[PDB]
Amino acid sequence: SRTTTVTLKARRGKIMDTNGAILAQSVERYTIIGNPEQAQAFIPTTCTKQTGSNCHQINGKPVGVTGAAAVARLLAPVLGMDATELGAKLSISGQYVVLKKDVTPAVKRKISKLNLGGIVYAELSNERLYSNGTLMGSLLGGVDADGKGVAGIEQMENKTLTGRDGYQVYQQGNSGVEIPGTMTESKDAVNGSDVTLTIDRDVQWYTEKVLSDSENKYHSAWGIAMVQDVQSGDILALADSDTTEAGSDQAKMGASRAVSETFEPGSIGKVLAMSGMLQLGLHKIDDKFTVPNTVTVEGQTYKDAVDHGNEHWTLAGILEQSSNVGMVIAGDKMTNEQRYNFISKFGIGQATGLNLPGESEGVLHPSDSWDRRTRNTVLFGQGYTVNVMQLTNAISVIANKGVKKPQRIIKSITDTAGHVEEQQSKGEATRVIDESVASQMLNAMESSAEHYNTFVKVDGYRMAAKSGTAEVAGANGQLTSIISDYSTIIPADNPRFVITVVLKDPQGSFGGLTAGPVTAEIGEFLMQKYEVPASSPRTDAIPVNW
């Protein structure tokens, strides 16, 4: 016979930052719906000693009418509406009519007590609020009108956040085995679980502020920045210079540029190739080279960015001076397979495993597809592409004693019982290089940072860092566009964070090195916020020249 199923919609879980600060949450309100034809069939049950409270009454007396009129009389005082008007809405044709919008959970509960299930039901609204407004807006993403996550973290964590709808089934007809209105089965909703990010609201806010202030100062087409905890691989901030309200159409339009952008890393990429050279025992970090300003190999000519003479640099100095030519000379005996292997081993060309919507794996071509030139440019961060997360994780390897961890952005999930379950990214920690090789590269990176210490400084702290530039898609009247990138490990003598900044077409007195001072502004804030002890004096510098 006739049957009616009512959906009990699960309420969406919250998104919170690393400290429990709420970033996204849904408003529990309801639309109250009537079914006119079921209302018209309604006959109220008279309270007697046989029914107990399984009956209908108003002020302790029978309802006195039937159908729409009876439903309206029962509903009117609960909804604070006029019975005549309700009766008219329930006297139309069809199985659907809105009776009242935007009612509270308390009113919804009162309606349930009227013993009108099947005839009247509540539809949970899907309004989603983001209390921090524009903060990490495109990273949070947004939901559609049905409360489904369609961008950012809302989408990635949608299963967890959505929960599982329940239902009620009513016999509204006359089967002869239950009376009309009897609820014959139900299944409770399981409300969504809450998601805690590794992102810290204060670090994220300051990083976005630094990028905004940097746009005012240097007028970059865009800037992105990331802060990663060295020992855990947790992401404390992942930021871009665009400004969008969380949950807005703009935010839902596309992933954060920090998530999606890919680019050649340029000279920062030398860290990966050189690590390989040391690991394989092809060179030692203090090996001495004579590095001319050009070199020709197999009909191919390579140049450094700047004219110099025949320089007396060690392998560490080739890194510090960003010498492409030095890398070509040093890498002479490194086979194509070894080159590919060490770049790939640092995570280049592979998914971070974070599963951010719109995230690319980047591009690193198989070594047998390389030609006589690209087999060499790969040594200095050209001819393959990375996103900021991959670059930052590769640099973290040097900070973390040669070990690469999967990065994490989802810290924990809290279920409906209130149980907090820490989350752990798929895939395991892997050793990329020996700890001793990592130490030597950190030492060379600290010499690389000191190369720029006339304008890149965090007072009281040693840094290990590398800079780079690379051509990207030309824009805004620039014949050739470039990015400035810079990645810093801080403090060098007890690494705590990696901070990477990428700016497109920065202007001003620092030109292509503008990303450097920007990482240092973030660095300064982090040492103060976490009260990091000042560095000890550097006593073991590996020589950069001879």
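In this text, residue numbers run from 1 along the sequence as written.
394-402 and 367-375 differ in mean CA B-factor, and the higher of the two is recorded for 367-375. Higher mean CA B-factor, judged across 509-517 and 476-484 from the recorded values: 476-484. Looking at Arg431, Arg128, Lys209, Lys426, the one whose CA carries the top B-factor in the deposited record is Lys426. Taking the deposited Cα B-factors for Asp213, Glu185, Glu450, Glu359, the highest one is held by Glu185. Ranked within its chain, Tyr218 lands in the lowest third, by CA B factor from the PDB record. When the modelled residues of the chain are ordered by their C-alpha B factor, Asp202 lands in the lowest third.
Ranked within its chain, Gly141 lands in the lowest third, by CA B factor from the PDB record. In the PDB entry, a CA B factor belonging to the middle third of its chain's modelled residues is recorded for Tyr340. The deposited CA B-factor of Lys504 belongs to the lowest third of values across its chain.
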